[PDB]
């Protein structure tokens, strides 16, 4: 029976500077046969590839800032960010590599609480505003390529029937 990794919440609206805590619960214990617990945390920015943040429950990957903290035992694991910066906004995934099949959690999206206004941007540094602007292009390019692939599923059956008739 496969281990399921369950994350809470699915969406975590925060403000810059807030404390954040993400839950990861496994459906079974996840202690590898060699005694280590291969609980990992990954961060993905939309349209980009995931990156390793935390390994073996609590160890920070090289280059990960001090504000990230991973903890837990048994079936309940937590990723904590003491002070959320703009570079931390994204989707966090947990992962167990203790029991085959190795499984990911469903993801928790750390995002800004915006409302229906854009005045929350007024307090951001120009550096952080630039970061937010640049993060929009990978999202756009992925949506366009999803349209490009979707219209390949539409043309190919047509071109096949034309070449066969």
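Numbering follows the first chain given and starts at 1.
- Averaged over CA atoms, B-factors in the entry run higher in 67-75 than in the other of 67-75 and 91-99.
- Taking the PDB entry as given, 149-157 carries the higher mean Cα B factor of the two stretches 17-25 and 149-157.
- The maximum CA B-factor among the listed residues 51, 60, 109, 113, taken from the PDB record, is found at 113.
- Among 134, 43, 121, 30, the highest C-alpha B-factor in the deposited entry belongs to 121.
- The PDB entry assigns residue 39 a C-alpha temperature factor belonging to the lowest third of its chain's modelled residues.
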